[PDB]
RNA sequence: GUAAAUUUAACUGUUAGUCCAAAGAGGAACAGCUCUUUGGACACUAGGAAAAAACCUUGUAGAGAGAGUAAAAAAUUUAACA
Ligand SMILES: [Mg+2]
Ligand SMILES: [Zn+2]
């Protein structure tokens, strides 16, 4: 009836001590999300259905505040950078795993 | 009112009341005894 | 390695957090008891010599 | 044969997580029917 | 987890839209927990260069509560830099002018003083009443618990706890009350 | 072979089709996709955790920026789990 | 009848934290025996894969796995490509279970096997001292020795 | 308890000094004032008191993606009198 932590989000943590008392055994099986707790997946007569390719060219300003409103940032991220920094950038960075 | 740091009764009818966070001596018969703590 | 287990191995970190919370509860129980009750299963001290 | 230059991160594993790398929904409980907070349903 | 690399990175570094309520909560405690979530200091993958902030949606900002007399004592000072731009307004005056300015300024003060503060402020969303826009409501995950406990006024005590609490003193029968 | 993923080494086109073929060939009911977890949704940066179930029992879960790619990642996770090519599988004995 | 020491329920009559009762020792030791045993037959059967360990080595603690690389900041008096056993295993574990030493696990319980695969030196490190208006300027170059070990295998044995 | 001291030989350089604690003198029982004495620190490192010479902690030098610590965060809310 006692649990050190709530047992319903990550794993079913059960603690134990060995008979000698020299080591601690932890058993942690994963908790699976219930089906009841889930949610189902959300779902011209005469001419072509012509593809709707309009690309309005917004000027630099209203373009930048549209991007800022879309990505919840400021304008400074979208303003450009000079040749000094652009050539200072490493275009072949090291890559681990 | 006269501004004082220590407040004294100069009459038997003088009374002390704490109003607006400050102590006051009010006298109805001798209004010259009106005193305000600083 | 505690931060490493926190980032990559959340089940082992939850086991460690449960162990720490149980040790804290055992310490609280010993402090309130204040007598000569059994020391606790996880409060036992392994001695070296 | 590798370069004697600065080595970042003095350990290289290719399987850094075995129990699943942490995401925000780890250590997060589920709700009945997956309801959002203050969902009128 | 056996995810592919790009979905695993996306899952690890995705953003969460936490919900927070005003309604007799202290603005400082609201600001503290909101600033932790906005910095992303609640994540074990936190780093200042990792851009791991999360969105915080605070509602009922008009119904905040101040401990003590801070509604009159606390003074917010600004300066429009023309000679004489020094304006000082009490917390009450600032709240009656703008209902979200107090919590906004508290979170802004608690956020770290660098160039990421305005981006975290952009990720913070505040609303004065129960109304929240539908897109944000569809974004919301995890209403966080309130710091205070709503000290529960006398008239909504139930009769069970009222007569479970014993009476302390016996009044005399000859008192007007 | 040591440090690469199964679908990094063997490219596949329809993981959902492969998964339903395997489930029908080992006599398991067809998987149902469900939205286990969801953050955002109206923003440009959503997160969908889509879980694949059979007989109301979870067999896979996958993250994505859209529901469709989350579903395909869940299908790939199910294929990896059924094949034994999971990331936590026993490493090669030398 | 109120006990002599009863306090009416106020906001701070009782401590704010919830009351926590610990399990009785005998049933808890029996539960520990059940958990330790069942984890031991999981080890016996082999219901695990891709073990990890936290190992103390060269005054550091490394979270290593199989097929791993570590860089030790000193020479190790070993030839290249040489198999050794890391023994001071603070922690070992896998999926669904882990084992914790107090502070060290048993050598009969866990082994770590590593291979000396490289004996190199670091990139040159600048040590420079400067104090102004006192003509104080000193420069030194060091190259600390280094040894790259590859963690081959982590093996556990049924001894719980 | 410790390992320095004296002598012999050869010389340079320092000999325009600041704060703090203490005992005093001058001045106003003024001064980041002036003058002696005892002792610190600074004119050499690092951490702290917000920035910081002089206060506190600490000294002997390198690498570490280890650990235990040192000094180290100001508290206060006052007037009824027959
Ligand atoms: Mg002087
Ligand atoms: Zn009078």
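Residue numbers (the authors' numbering), protein chains in the order written: chain Lp, 35 to 77, 89 to 142; chain Lj, 66 to 103; chain LT, 101 to 149; chain Lq, 109 to 149; chain LM, 2 to 178; chain Lr, 223 to 316; chain LU, 45 to 204.
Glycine included, C-beta positions come from ideal geometry on N, C-alpha and C.
Any idea which residues DSSP pairs residue i with across the strands?
i: residue 286/Lr; result: 270/Lr
i: residue 107/LU; result: 98/LU
i: residue 88/Lj; result: 83/Lj
i: residue 173/LU; result: 182/LU
i: residue 137/LU; result: 96/LU, 142/LU
i: residue 68/Lj; result: 101/Lj
i: residue 42/Lp; result: Answer is none; residue 42/Lp lacks a bridge partner.
i: residue 89/LM; result: 78/LM
i: residue 276/Lr; result: 279/Lr
i: residue 94/LM; result: None; residue 94/LM has no bridge partner.
i: residue 60/LM; result: 22/LM
i: residue 113/LU; result: 120/Lq, 194/LU
i: residue 58/Lp; result: 51/Lp, 144/LU
i: residue 189/LU; result: 165/LU
Is the closest heavy atom of ligand 2 to the C-beta of residue i under 8 Å?
i: residue 75/Lj; result: yes
i: residue 94/Lj; result: yes
i: residue 98/Lj; result: yes
i: residue 78/Lj; result: yes
With 9 Å set as the bound, which would you pick, yes or no: does the beta-carbon of residue i sit closer than that to a beta-carbon of chain Lq?
i: residue 108/LU; result: yes
i: residue 167/LU; result: yes
i: residue 329/Lr; result: Not covered by the structure: residue 329/Lr. The range shown for chain Lr is 223 to 316.
i: residue 137/Lp; result: no
For residue i, which of the options has the nearest alpha-carbon?
i: residue 296/Lr; options: 258/Lr, 310/Lr, 249/Lr; result: 258/Lr
i: residue 111/LM; options: 8/LM, 37/LM, 47/LM, 142/LM; result: 37/LM
i: residue 145/LM; options: 118/Lq, 137/Lq, 148/Lq, 115/Lq; result: 137/Lq
i: residue 144/LU; options: 140/Lp, 117/Lp, 64/Lp, 56/Lp; result: 56/Lp
i: residue 51/Lp; options: 64/LU, 105/LU, 65/LU, 83/LU; result: 83/LU
i: residue 134/LU; options: 122/LU, 103/LU, 57/LU; result: 103/LU
i: residue 116/LM; options: 14/LM, 52/LM, 12/LM; result: 52/LM
i: residue 172/LU; options: 162/LU, 183/LU, 48/LU; result: 183/LU
i: residue 18/LM; options: 70/LM, 175/LM, 141/LM; result: 141/LM
i: residue 105/LM; options: 30/LM, 2/LM, 14/LM; result: 30/LM
i: residue 68/LM; options: 160/LM, 26/LM, 76/LM; result: 26/LM
i: residue 108/LT; options: 67/LU, 57/LU, 96/LU; result: 96/LU
i: residue 97/Lj; options: 70/Lj, 75/Lj, 71/Lj; result: 75/Lj
i: residue 130/LM; options: 21/LM, 99/LM, 42/LM, 61/LM; result: 61/LM
i: residue 100/LM; options: 66/LM, 20/LM, 84/LM; result: 66/LM
i: residue 138/Lp; options: 116/Lq, 109/Lq, 112/Lq; result: 116/Lq
i: residue 126/Lq; options: 63/Lp, 92/Lp, 37/Lp, 116/Lp; result: 63/Lp
Kindly say whether residue i, judged by its beta-carbon, lies nearer than 9 Å to any beta-carbon of chain LT.
i: residue 124/Lq; result: yes
i: residue 139/Lq; result: no
i: residue 128/Lq; result: yes
Indicate whether at least one CB of chain Lr lies closer than 9 Å to the CB of residue i.
i: residue 50/LU; result: no
i: residue 142/Lp; result: yes
i: residue 72/LM; result: no
At a Cβ threshold of 9 Å, is residue i touching chain LM?
i: residue 37/Lp; result: no
i: residue 302/Lr; result: yes
i: residue 72/Lp; result: no
i: residue 230/Lr; result: yes
At the 9 Å Cβ level, is residue i part of the contact set with chain Lp, yes or no?
i: residue 132/LT; result: no
i: residue 116/Lq; result: yes
i: residue 109/Lq; result: no
i: residue 267/Lr; result: yes
i: residue 56/LM; result: yes
Output yes if chain LU places a C-beta closer than 9 Å to the C-beta of residue i; else output no.
i: residue 132/Lp; result: no
i: residue 157/LM; result: no
i: residue 121/Lq; result: yes
Exercise. Residues of the segment 110-139 of chain LM with a CB closer than 7 Å to any CB of chain Lp: list them in chain order, please.
Key: 119, 120, 123, 124
Beta carbons nearer than 7 Å to chain Lr: which residues of the segment 16-46 of chain LM have them?
16, 17, 18
Scan the segment 47-62 of chain Lp for residues whose Cβ lies nearer than 8 Å to a Cβ of chain LT and list them as they occur along the chain.
-> 47, 49, 51, 55, 56, 58, 60, 62
Q) If you measure beta-carbon to beta-carbon, which residues of the segment 129-145 of chain LU are closer than 7 Å to chain LT? A) 137, 142
Which residues, in order along the segment 76-103 of chain LU, keep a beta-carbon less than 9 Å from a beta-carbon of chain Lr? 90, 92, 93, 94, 95
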